[PDB]
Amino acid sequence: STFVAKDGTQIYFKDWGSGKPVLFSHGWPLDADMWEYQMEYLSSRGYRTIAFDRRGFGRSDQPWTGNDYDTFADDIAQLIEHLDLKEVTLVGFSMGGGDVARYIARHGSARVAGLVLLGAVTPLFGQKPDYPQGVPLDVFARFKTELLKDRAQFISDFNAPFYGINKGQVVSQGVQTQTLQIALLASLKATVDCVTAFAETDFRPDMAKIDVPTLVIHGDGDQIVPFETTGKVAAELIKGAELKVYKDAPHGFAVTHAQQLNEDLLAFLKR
């Protein structure tokens, strides 16, 4: 399926099954297919599961402009509006934790029943003057430099620390292939703009606007989005939030811990 955003960007999404809806927001630089197992798991147990390809990724159009969190939150708002969702559980992985938080910050939670932040960059990823523990911007600057030389090989090399293959996790070549194949669909410009946006965007104000039940899940072996400065703080700052830490889990834990994730998502929806 598709809808057209305000600026004319056509955004691809899947909408599977029926019941109360769970809307999924993928991480970088993947697309709605990273959720396919969570979606099959939940839609075949009575939920409606929806997942889109963020502008610039997967099967969506690749606009030059709007590759920023306010546009991404507003893209989400249009999707929810288009389908008239109500009592939606918002589920965001990695950079996709930020646009689901920023949807709530910019639009309220009238349509929202719950929030799940998975290995998410919230509340802040890169350094700020009062957040020196964040990741230095120079790290992201180098990533952008390498992306602008060879993004194919950069993503292919990203597989190991993403999935923690360098730390003993076991992930098939098949999954590594599909990861790279999906990433290559994406726009170079969107791929690079998203690094800027997630390096620099401060979601600490969004944390205070979150007034729904919230489950934060993070692997403490996460090489890409460090638990101590993201998920751990997001749980503390969101009033009432629950935290689950998957021990030694990597960033790609929707793959390596798929069953555990599925069950935790089901438990959360049934609380």
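Note that residue numbering begins at 1 and tracks the sequence as displayed.
- With 117-125 and 76-84 compared on mean CA B-factor from the PDB entry, the stretch scoring higher is 76-84.
- Legend: mean Cα B-factor per stretch from the PDB entry, 173-181 versus 108-116; the higher mean is in 108-116.
- Among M39, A235, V225, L30, the highest C-alpha B-factor recorded in the PDB entry belongs to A235.
- In the deposited entry, the Cα temperature factor of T71 places it in the middle third of its chain's modelled residues.
- Annotation for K244: CA B-factor lies in the highest third of the chain's modelled residues.
- For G252, the recorded CA B-factor ranks within the lowest third of the chain. Only modelled residues enter the ranking.
- Ranked within its chain, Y163 lands in the lowest third, by CA B factor from the PDB record.
- The PDB entry assigns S25 a C-alpha temperature factor belonging to the lowest third of its chain's modelled residues.
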